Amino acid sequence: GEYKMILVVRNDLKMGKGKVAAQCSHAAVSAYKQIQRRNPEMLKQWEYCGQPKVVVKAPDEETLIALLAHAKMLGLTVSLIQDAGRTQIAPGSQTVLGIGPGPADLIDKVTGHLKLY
């Protein structure tokens, strides 16, 4: 089946395009490391599909946590990235929630309604 990764960006932070790109990259690398360490097979299946990544929007932090819980309840991998205002991942505000890599059908149940970034 199809496998993918969704990157959810927090809209109320009003991050610029470059910052979003960086935060999404942090989430993708984090998720890759996680999935590699927990389900090598699903990782391979995601790579076979061309390791697709799609960026969507969430209005605020409350939404990110709700998505996190839902994804967890479906057995999906989750990656939460915090930024402090620099180039490094560090305690601060939650910027992006990475969901997956995981089965596309499950992922869509969690984020399918979110608007594309």
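Numbers for residues come from their place in the sequence shown, where the first is 1.
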property: 101-109 or 19-27, whichever carries the higher mean Cα B-factor; result: 101-109
property: Of 60-68 and 31-39, the stretch whose C-alpha atoms average the higher B-factor in the entry; result: 31-39
property: Selection from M73, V55, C49, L80 [criterion: highest C-alpha temperature factor in the record]; result: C49
property: Where the record places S93 (Cα B-factor, split into thirds across the chain); result: highest
